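All letters in the sequence shown, in the order written, are residues 4 to 399, 409 to 633 by the authors' numbering. The beta carbon of each residue, even a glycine, is placed where N, CA and C say it ideally should be.
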Amino acid sequence: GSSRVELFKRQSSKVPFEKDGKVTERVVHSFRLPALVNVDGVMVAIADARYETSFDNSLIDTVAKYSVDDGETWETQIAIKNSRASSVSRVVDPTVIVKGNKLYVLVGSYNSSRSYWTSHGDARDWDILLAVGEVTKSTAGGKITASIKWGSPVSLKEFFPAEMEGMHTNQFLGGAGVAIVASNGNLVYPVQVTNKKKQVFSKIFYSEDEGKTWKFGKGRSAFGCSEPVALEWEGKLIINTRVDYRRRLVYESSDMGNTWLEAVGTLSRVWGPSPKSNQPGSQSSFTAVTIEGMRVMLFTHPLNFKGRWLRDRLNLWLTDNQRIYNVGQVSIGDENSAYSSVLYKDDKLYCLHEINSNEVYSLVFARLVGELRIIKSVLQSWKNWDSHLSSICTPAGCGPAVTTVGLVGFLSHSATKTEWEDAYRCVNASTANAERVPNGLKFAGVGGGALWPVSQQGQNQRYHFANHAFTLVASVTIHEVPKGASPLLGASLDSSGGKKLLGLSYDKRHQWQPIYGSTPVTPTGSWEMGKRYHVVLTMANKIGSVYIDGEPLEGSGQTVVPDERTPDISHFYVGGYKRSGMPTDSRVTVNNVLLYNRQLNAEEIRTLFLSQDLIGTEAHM
């Protein structure tokens, strides 16, 4: 269904180049840095127009295209022009906010420097400009048209302090793409800033007065975070950052960037910049939108299988801040496709992104028909499994409802010869020696069990939250007394399962063996063969607990990770290690595995234990 047109056409599309009072249509080398938004039904595409070469330090104006026929035709204009002082004069990384009929565009402007802004030792070639574009629509003679009056840029330099906590400032740019209007009316731009030590960091730069004046939040990301892109979610700014050669860092701020906290329990470090997460990162589109009644976030980044800056394979992601789903590749085949901008308008999905051959960049305008289709299906799957659980009439008359808050994965009835199927469709677990049973799998034999990947997910690690906090729940039944300690459930630190963050085993004397990190295991309680047991493992604040049938076990509530270090879980193991190299034999049935991104409370745990017979997806198929 999806279709595209080369909309900003390299070495071809012309723009009105204005110098010293004179305007001429001028062909442009390369187009980059797409920003695609909506203003009262008017579609607006803003970007770099790189006249002579794709090189960063060269002649660049900020181009605008606009369409009132959902992008079948466009008008073309230059939104902002550089100073024309020299052949490297340039306005850069145009960052857009829409509020009412106004386009607020923020750009760096450089007169003559022949080096990348980040390499600079002073602020002698730099200024930070804001220009406002006023969109007007007309209905003359029954023809819907639009026009945009671009005001003169204004310097916001007076608003950049010489100092921030522990440093002296140098320069700052917007993070590019599209920024936002906060619910309180504030213009909010995430910004990339340099200090005299040449560190790059990201901040929140905001206006409470329609851009008259600006202020910076006192807080900041870690050093090395550039081109931040932001959105607002349940009252907080979520600042999504690029870190060259490292996983992307994601932050949350509830007070206009005054205080920043890494989004460890949701989105930070999920997205790698390449298969080995050892290459340059990218600009990313990141918006919060509503689709079929559901508030969600869309996020794009290229997979960069090729490496360096080529950045092939622009991929789109969908999240409700709990589950994270891979929509798929937006770009075509293995073309280089780095920067992008996703717009949801009148229930249609679009993307303006780069394609680059031989360092010559064009921007394509794609109708993401196939992608939105996949999105709605996944979203209806989410709403409906949350509804299922939610509608359950818990035992003690109706009890407290089963929590879906923070629930990320659900392994139940649906299964396959070699995979166990996630109800929320994001991450399946692989299985071995498993026979299907109502709402679960029956496992047996050395090498049996199911593995639910964490770090093993690869480049994009959606369960990364597990290192900071989680609750893994399951119903289990043991079918033979073991010859020795054998596994049922757990979070493994290494490939085997031999090193465990937190886990439950069972032994030859019919006692439970909970494993807390590397602490010596002390057996406890009692279990009978053939009895269905409820198991819950929680982990939070470096403390681990293990519950059976709703009550904690012996020693529950122990430290499982040293103060200093952050864990790096490899996978969860269910009903065995799923490893041929591991000598144990778990003859067990696991049903309804649940995974939450927080430690459930007493009550939630009791509820789940009481409703084990009801959550299973067998009929609700």
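Pairwise C-beta distances place the stretch 298 to 309 out of contact with the stretch 409 to 424, as fewer than three of them are shorter than 8 Å. With contact defined as three or more Cβ pairs closer than 8 Å, the stretch 102 to 120 and the stretch 130 to 143 are in contact.
If you ignore the 5 residues before and after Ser61, its C-beta comes within less than 6 Å of the C-beta of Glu55 and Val91, all in its own chain and listed in chain order.
Secondary structure at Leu159: coil, using DSSP grouped into helix, strand and coil. Using a Cβ distance threshold of 8 Å, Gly268 and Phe477 count as a contacting pair. With respect to the 8 Å criterion, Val232 and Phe289 are classified as neighbours on the basis of their beta carbons.
The beta carbon of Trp432 lies closer than 7 Å to those of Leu423, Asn440, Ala441, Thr443, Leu453 and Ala462 in the same chain, with the five residues before and after it left out. Taking 8 Å as the cut-off, the beta carbon of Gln570 is found no closer than this to the beta carbon of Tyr608. Shown here, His583 sits in a strand according to DSSP, grouped into three states. Using a C-beta cut-off of 8 Å, the stretch 70 to 83 makes no contact with the stretch 376 to 387, since fewer than three inter-stretch Cβ pairs fall below that distance. Look at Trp539 here: in three-state DSSP terms it is coil, with no helix or strand label.
By DSSP's assignment, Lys554 forms no beta bridge with any residue.
Contact annotation: the stretch 30 to 38 touches the stretch 6 to 22, with at least three C-beta pairs closer than 8 Å.
A straight-line Cα-Cα distance of about 10 Å links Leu319 and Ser334.
Excluding its 5 nearest sequence neighbours in each direction, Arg376 has C-beta neighbours in its own chain below 8 Å: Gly4, listed in chain order. CA-CA distance, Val181 to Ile63, rounds to 19 Å. The stretch 245 to 253 makes contact with the stretch 269 to 284, as at least three CB pairs between them are under 8 Å.
Residue nearest to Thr139 within the set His632, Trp236, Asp43 and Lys206 is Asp43 (criterion: CA-CA distance). Check the Cα spacing between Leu352 and each of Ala369, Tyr342 and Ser365: the tightest is with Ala369. A straight line joining the alpha-carbon of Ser155 with that of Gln611 spans about 53 Å. Remark: C-beta atoms of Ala456 and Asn445 approach each other more closely than 8 Å. Contact between the stretch 302 to 318 and the stretch 498 to 516 is absent: fewer than three C-beta pairs spanning the two stretches fall below 8 Å. When the alpha-carbon of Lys102 is set against those of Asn187, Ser582, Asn387 and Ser86, the nearest one is in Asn187. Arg223 counts as buried, since no fewer than 16 other beta carbons sit within 10 angstroms of its beta carbon.
Per DSSP, the beta bridge partners of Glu28 are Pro19.
With respect to the 8 Å criterion, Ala486 and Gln525 are not classified as neighbours on the basis of their beta carbons. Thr489 and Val600 do touch by the CB rule: their CB atoms are close to 6 Å apart, below 8 Å.
Excluding residues up to 5 positions away in sequence, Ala481 and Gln611 lie with their Cβ nearer than 6 Å to the Cβ of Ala552 in the same chain. In this structure the stretch 160 to 176 touches the stretch 116 to 123; the number of beta carbon pairs closer than 8 Å is three or more. Each residue's CA atom was taken as its position, placing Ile581 and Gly470 some 12 Å apart. Looking at the DSSP output, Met297 sits in a beta bridge with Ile294. Under the three-state reduction of DSSP, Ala88 is assigned to coil, being neither helix nor strand. DSSP, reduced to helix, strand and coil, places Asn329 within a strand of the structure shown.
Restricting attention to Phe58, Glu357 and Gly178, the CA atom closest to the CA of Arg7 is found in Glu357. Here DSSP, grouped into helix, strand and coil, assigns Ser5 to coil.
Every beta strand (DSSP E) of 3 residues or more that sits fully in the stretch 192 to 259 is shown, in chain order, as 203 to 210, 228 to 236, 239 to 246 and 253 to 256.
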